[PDB]
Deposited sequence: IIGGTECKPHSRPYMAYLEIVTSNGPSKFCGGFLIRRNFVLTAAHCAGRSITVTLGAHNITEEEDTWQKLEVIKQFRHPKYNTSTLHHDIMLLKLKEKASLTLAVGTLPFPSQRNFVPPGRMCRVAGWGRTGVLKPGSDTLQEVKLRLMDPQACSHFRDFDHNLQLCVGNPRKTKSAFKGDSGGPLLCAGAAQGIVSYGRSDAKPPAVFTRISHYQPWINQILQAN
């Protein structure tokens, strides 16, 4: 998160930290959010060979009792996910067990909020601590330069006049507007000039519900 503030610890109890393992490279990192005790929503580009989820985290380097490190048994990438366009950048992860409900872990032009452990700047490393920022929801013409952006599929997020933005490592995390999850962090520019592209959750709700009811 660029230009945000450190969260009050455990104030966003649905937030999930994803370590993503591939066969030909070192660990990758994503965000995500708990919508059932055994399901986490995130972005499809965060898929890999295997994934471990950490709930209850704030400072991701300092292990504490709030932590629940949970195995992912199955990844459900949208069947129409496109790795070039990032169309339909949404994925469900089924946890091996139901997480415990605690204080620190629970299920989940207007201003919206997004949080994550991602980079704090173009050359800055990933944040140790959960960070959050307020961003403006923009009319779709603001994201026109992203040639494969589509207003029905995706939100345009982040005033281009400001620095504030989600950035690398913040992928998969929720965009909350007035307390409700509206988007998922998908992609933006390398230089981190906003706006950024987020998955529009509303369009995918029937698909989300199909996956939950079969699993």
property	result
Deposited positions without coordinates, collected into consecutive stretches in sequence order	109-119
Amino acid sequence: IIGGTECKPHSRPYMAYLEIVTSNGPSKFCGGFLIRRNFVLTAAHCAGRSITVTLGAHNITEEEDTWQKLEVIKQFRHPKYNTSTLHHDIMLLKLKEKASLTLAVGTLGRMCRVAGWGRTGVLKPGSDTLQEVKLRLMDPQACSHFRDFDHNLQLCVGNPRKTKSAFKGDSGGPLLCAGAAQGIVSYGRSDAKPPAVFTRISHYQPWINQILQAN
From here on, numbers count along this sequence of modelled residues.
query	finding
Greater mean Cα temperature factor according to the PDB record, 175-183 or 65-73	175-183
Identity of residue with top Cα B-factor, from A115, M91, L86, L123	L123
Of the residues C143, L108, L95, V105, the one carrying the largest Cα B-factor as recorded	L108
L101 - which third its CA temperature factor falls in, relative to the rest of the chain	middle
Lowest, middle or highest third - CA B-factor, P9	highest
Among modelled residues of the same chain, the CA temperature factor third for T54	lowest
Ranked against its chain, the third holding the CA B-factor of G31	lowest
Entry-reported Cα temperature factor of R161, expressed as the chain third it lands in	highest
